[PDB]
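As provided, start_34.cif (mmCIF, C-alpha atoms) reads as follows.
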data_target
loop_
_atom_site.label_atom_id
_atom_site.label_comp_id
_atom_site.auth_asym_id
_atom_site.auth_seq_id
_atom_site.Cartn_x
_atom_site.Cartn_y
_atom_site.Cartn_z
CA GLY Q 1 84.56 108.46 61.49
CA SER Q 2 85.98 104.93 61.83
CA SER Q 3 84.82 101.33 61.11
CA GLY Q 4 85.95 97.76 61.92
CA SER Q 5 86.57 96.25 65.38
CA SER Q 6 89.79 95.61 67.37
CA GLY Q 7 91.10 94.92 70.90
CA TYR Q 8 90.43 91.94 73.22
CA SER Q 9 90.42 91.02 76.93
CA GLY Q 10 89.93 87.88 79.07
CA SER Q 11 92.82 86.28 80.99
CA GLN Q 12 93.39 85.45 84.69
CA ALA Q 13 96.06 83.85 86.89
CA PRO Q 14 95.91 81.42 89.87
CA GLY Q 15 98.34 83.60 91.86
CA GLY Q 16 100.72 82.33 94.54
CA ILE Q 17 104.35 83.08 95.43
CA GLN Q 18 105.83 80.47 93.08
CA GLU Q 19 104.21 82.21 90.06
CA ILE Q 20 105.63 85.60 91.14
CA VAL Q 21 109.01 83.82 91.45
CA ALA Q 22 108.41 82.25 88.00
CA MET Q 23 108.29 85.68 86.35
CA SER Q 24 111.13 87.06 88.53
CA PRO Q 25 114.47 88.28 87.13
CA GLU Q 26 117.73 87.07 88.71
CA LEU Q 27 117.37 88.18 92.36
CA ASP Q 28 120.94 88.37 93.68
CA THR Q 29 120.55 86.10 96.68
CA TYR Q 30 123.74 87.40 98.33
CA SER Q 31 122.99 91.14 98.03
CA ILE Q 32 119.40 90.53 99.26
CA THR Q 33 120.61 88.40 102.27
CA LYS Q 34 123.19 91.13 103.03
CA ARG Q 35 120.68 94.01 102.88
CA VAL Q 36 118.09 91.92 104.81
CA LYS Q 37 120.59 91.11 107.63
CA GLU Q 38 121.54 94.78 107.82
CA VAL Q 39 117.86 95.78 108.09
CA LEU Q 40 117.45 93.21 110.93
CA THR Q 41 120.59 94.53 112.70
CA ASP Q 42 119.63 98.26 112.22
CA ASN Q 43 116.24 97.63 113.81
CA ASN Q 44 117.87 95.17 116.35
CA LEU Q 45 115.38 92.49 115.19
CA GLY Q 46 115.78 88.71 115.66
CA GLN Q 47 116.21 86.62 112.45
CA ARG Q 48 113.62 83.98 113.49
CA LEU Q 49 110.65 86.35 113.55
CA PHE Q 50 111.29 87.58 110.02
CA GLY Q 51 111.73 83.93 108.97
CA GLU Q 52 108.42 82.93 110.66
CA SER Q 53 106.15 85.76 109.48
CA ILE Q 54 107.70 86.39 106.02
CA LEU Q 55 109.38 83.12 105.05
CA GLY Q 56 107.58 80.39 107.09
CA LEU Q 57 111.12 79.11 107.95
CA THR Q 58 112.58 77.55 111.09
CA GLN Q 59 115.37 79.70 112.60
CA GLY Q 60 117.88 76.97 111.64
CA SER Q 61 116.66 77.25 108.03
CA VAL Q 62 116.53 81.11 107.96
CA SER Q 63 119.96 81.54 109.58
CA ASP Q 64 121.39 79.05 107.02
CA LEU Q 65 119.64 81.07 104.27
CA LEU Q 66 121.30 84.33 105.36
CA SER Q 67 124.61 82.66 106.28
CA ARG Q 68 125.31 80.79 103.02
CA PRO Q 69 122.64 81.57 100.36
CA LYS Q 70 122.84 79.45 97.21
CA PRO Q 71 123.01 81.41 93.92
CA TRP Q 72 119.73 82.21 92.13
CA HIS Q 73 120.62 79.77 89.29
CA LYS Q 74 121.06 76.86 91.81
CA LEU Q 75 117.74 77.53 93.49
CA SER Q 76 114.61 76.06 91.89
CA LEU Q 77 111.38 78.20 92.11
CA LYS Q 78 110.74 76.67 95.58
CA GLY Q 79 114.41 77.63 96.29
CA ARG Q 80 113.85 81.25 95.22
CA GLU Q 81 110.45 81.48 97.02
CA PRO Q 82 111.87 83.04 100.24
CA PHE Q 83 114.38 85.38 98.48
CA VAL Q 84 111.57 86.86 96.34
CA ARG Q 85 109.63 87.58 99.56
CA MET Q 86 112.80 89.19 100.99
CA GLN Q 87 113.34 91.42 97.91
CA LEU Q 88 109.66 92.56 98.12
CA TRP Q 89 109.83 92.87 101.96
CA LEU Q 90 112.83 95.22 101.48
CA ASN Q 91 110.81 97.37 99.03
CA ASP Q 92 107.68 97.38 101.25
CA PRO Q 93 107.92 100.67 103.21
CA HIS Q 94 105.95 99.36 106.28
CA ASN Q 95 107.94 96.08 106.24
CA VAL Q 96 109.70 96.57 109.59
CA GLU Q 97 106.53 98.20 111.01
CA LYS Q 98 104.48 95.02 110.46
CA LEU Q 99 107.48 92.90 111.56
CA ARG Q 100 107.95 94.71 114.91
CA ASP Q 101 104.14 94.61 115.34
CA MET Q 102 104.42 90.80 115.58
CA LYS Q 103 106.45 91.14 118.82
CA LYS Q 104 104.88 94.52 119.70
CA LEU Q 105 105.51 95.11 123.43
CA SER Q 106 106.08 91.93 125.52
CA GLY Q 107 106.57 91.29 129.27
CA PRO Q 108 110.12 90.99 130.73
CA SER Q 109 112.44 88.22 129.46
CA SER Q 110 115.57 87.26 131.44
CA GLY Q 111 117.35 90.01 133.36
#
Please render this file's structure as structure tokens.
Amino acid sequence: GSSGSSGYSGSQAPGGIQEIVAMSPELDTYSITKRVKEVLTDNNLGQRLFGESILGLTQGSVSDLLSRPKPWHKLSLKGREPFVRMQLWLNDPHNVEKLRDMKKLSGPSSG
């Protein structure tokens, strides 16, 4: 048999990116930007689109992010916000699938 009582439950969270980022380990901004660029180049993707759909960033802002990332320590949680989404977007196996699907097929542009 047994007797007594033990265990518990009853907690929740608000959610949101900044709380994922809060819990995050040191996400090597450089190595992520590197791997992210290389994923864009492999798939011949355009930096902006990734920045729009994933990061909510202007192309100026995304291209600066990839070009010269600040270190994780320098970045506040709002600083780390995009790089966390990049780390997870690298791990997501249908990441590029959903990203191409934004553009899908389009009509002709230039010659």
- Task: Skip range 81-86 of chain Q itself and residues of its chain fewer than 2 positions away, then list as a list in words all residues within 7 Å of it, counting all atoms listed in the file.
- Result: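 Residues near the query, excluding close chain neighbours: residues 17, 18, 21, 29, 32, 54, 55, 77, 78, 79, 88, 89 and 90 of chain Q.
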- Between CA of residue 99 in chain Q and CA of residue 23 in chain Q, measure the distance and give it in Å to one decimal. 26.2 Å
- Can you tell me how far CA of residue 110 in chain Q sits from CA of residue 49 in chain Q, in Å to one decimal? 18.6 Å
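Residues matched by the PyMOL selection byres ((chain Q and resi 68-72) around 9) in this file are residues 26, 27, 28, 29, 30, 33, 63, 64, 65, 66, 67, 73, 74, 75, 76, 79, 80 and 83 of chain Q.
Taking CA of residue 48 in chain Q and CA of residue 102 in chain Q as the two end points, the separation is 11.6 Å.
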Assuming 4 Å of padding per side, give the centre and edge lengths of the axis-aligned box around every listed atom of range 4-23 of chain Q, in Å to one decimal and as AutoDock Vina command-line options.
--center_x 97.5 --center_y 89.1 --center_z 78.7 --size_x 31.1 --size_y 25.3 --size_z 41.5
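Considering only C-alpha atoms, the residue among Q:106, Q:95, Q:59, Q:87 positioned nearest to residue 35 in chain Q is Q:87.
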- Contacts of residue 47 in chain Q at 10 Å (only C-alpha atoms; same-chain gap of 6+ positions) as a PyMOL selection string: chain Q and resi 36-37+40-41+58-60+62-63+66
- Note on the structure: Across Q:105, Q:13, Q:20, Q:96, the smallest distance to residue 44 in chain Q, with all atoms listed in the file counted, is shown by Q:96
